[PDB]
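Quick setup: one chain, the form deposited in one PDB entry, written in structure tokens, and binding and motion questions come after.
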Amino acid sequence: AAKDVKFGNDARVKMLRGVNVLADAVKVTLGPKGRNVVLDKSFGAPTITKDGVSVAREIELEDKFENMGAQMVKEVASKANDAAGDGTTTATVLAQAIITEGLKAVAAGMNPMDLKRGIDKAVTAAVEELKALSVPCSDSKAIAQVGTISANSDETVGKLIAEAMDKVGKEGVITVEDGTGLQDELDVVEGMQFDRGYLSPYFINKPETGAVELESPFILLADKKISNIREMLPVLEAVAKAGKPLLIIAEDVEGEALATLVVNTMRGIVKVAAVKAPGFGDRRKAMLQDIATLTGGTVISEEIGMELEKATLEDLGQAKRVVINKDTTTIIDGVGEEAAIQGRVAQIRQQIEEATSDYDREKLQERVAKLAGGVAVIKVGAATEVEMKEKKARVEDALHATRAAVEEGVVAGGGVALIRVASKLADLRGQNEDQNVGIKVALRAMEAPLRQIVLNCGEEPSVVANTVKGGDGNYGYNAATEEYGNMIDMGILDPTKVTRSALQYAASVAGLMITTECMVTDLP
């Protein structure tokens, strides 16, 4: 259709207005003393929330250019949140600061490319300084401390997380489920988590966490891209009559078959989910065979001769539970022959011994680690249903925080890490005056979030920022208690991975926005 096109400054002004609206909607919730925002719903009961991801999802402007700007900023913020587990609000605030200062700079006449180069150099130095400032948390005591901090100073959640990731390992797959007993239960079961997500966002049935959950589902193992429906119709009918959910694992479910699955899901007649196969080439076939063995099923291989039309119910694998996220998909307690598991791991170890290059050795070691490690299940329990649900949510948040921490370490929270980084990098210089202006823009951007937090608290932003800058190390201003001192001692801390991802993605989206010369939008 006809598209209205905006060239030059006005398009950037529209994008700035959109990002300003989004950042003003989101940034109010930032900080422990963060004001809540009301999201009106169609049912009739507004949902008052302080969580940033829901506000980001709900925001959608009517002006096409502002809507596109807000959409791209929200997309990069959501990517940061999913990669790190938190920090989407911080990423949005950083994006607002960089965009505002960069547009002010380019209005003077500075080259957008030089500004982008300066911002990239500044954020690279910021990442280096953050890694230098990061405090390791490899020991179990530090892991328990991080878990306690994340879930509103609760010792039980930290102890549970430490025990789980000491039983299965630092990089082991850990999941949580509703525990019927009052006492929390921690069991290890066979399971696997690969790095593929759902093909269609409409597959989500729990919008609160933005994931897909199936109870006791059948697993379909196919090595052919799915495009038609007629070949999977017998299997779909069989699983529907069995009254159980279905999970389809193939190279790619596309064409009209994906649309058929989507429309069936929104109809709600059958809850079926499909995910892309992990890996490619012979590795993809190997992981599909491993998953089939883990789930106690036989892979439908058209190369061998098996066909989807003739696929039977017994060929499909089974598992206790599966959780699907847009990045990773996890299988919980896949029922299968234990002797088959030992046979598979022994064969993989034999291939490791027979492997020639260290690359193949690493791949086979990853496969055998995924097979042998399994998945730990934290069956959290409490006295009442609502209390147990709240505790499960807190455990999930603390698990994500501890995963990020053990992945990258921990740095002083409350936004003072960026303050320290800016104070240390204030002497950085670029090859041109424009690059120096971009670097100063980045420094003000990293100093912005603490100002936003303290403004939400109510105190003067400039005074608090200057006092934090004057200090050294982890000396910062606590927003909750309205006092200064060490964040690590007080316990206001977040994993450095969250801050690093926020900085990098805000810098990337800001560089994309600054170097935007044109926009194409559908005509209203």
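From 1 onward, residues are counted along the sequence shown. Rigid core here is just the name for the largest C-alpha set that superposes within 1.5 Å across the two forms.
FYI, the form deposited in another entry isn't displayed, but the following is about it.
Peer 1: If you fit the two forms on their rigid core, which residue out of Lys320, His400, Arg451, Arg117 shows a CA shift of at least 2 Å between the shown form and the other one?
Peer 2: After core superposition, the single residue displaced by 2 Å or more is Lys320.
Peer 1: Taking the rigid core as the reference frame, tell me whether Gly279 has a CA displacement of 2 angstroms or more between the shown form and the other one.
Peer 2: Yes, because once the rigid core is superposed, the C-alpha of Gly279 moves 2 Å or more between the shown form and the other one.
Peer 1: Taking the rigid core as the frame, does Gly374 move its C-alpha by 2 Å or more between the shown form and the other one?
Peer 2: It does shift by 2 Å or more.
Peer 1: Tell me, please, whether between the shown form and the other one the C-alpha of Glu75 is shifted by 2 Å or more, with the rigid core used for superposition.
Peer 2: It does not reach a 2 Å shift.
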